[PDB]
Structures are given as structure tokens and as C-alpha cells.
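Here is the structure we will look at, set down as C-alpha cells.
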Amino acid sequence: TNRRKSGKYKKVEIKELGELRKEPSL
Numbered sequence: 298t299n300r301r302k303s304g305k306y307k308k309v310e311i312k313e314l315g316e317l318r319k320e321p322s323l
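Residue numbers for the sequence shown follow the authors' numbering, beginning at 298 and rising by one.
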């Protein structure tokens, strides 16, 4: 069921990088 696995990492790709986006550090 690859579609369900992909969705988990897709959240991280946006949010976890989104923490750095809060700026300056985190």
C-alpha cells in the first residue's frame, strides 16, 4: 500500500522544513 507510506513523508517534506521557515534558526 505504497500510497499510504508516501503521504507520511510528504507531510514531513513540507512541515519539518517549515520549522526552519519560521526563521531565523527555527
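Idealized CB from N, CA, C, for every residue including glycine.
Supposed contact pair residue j and residue i - C-beta distance, whole angstroms, cut 8 Å
i, j, result
"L323", "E316", "5 Å"
Coarse secondary structure for residue i, derived from DSSP in three states
i, result
"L317", "helix"
"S322", "coil"
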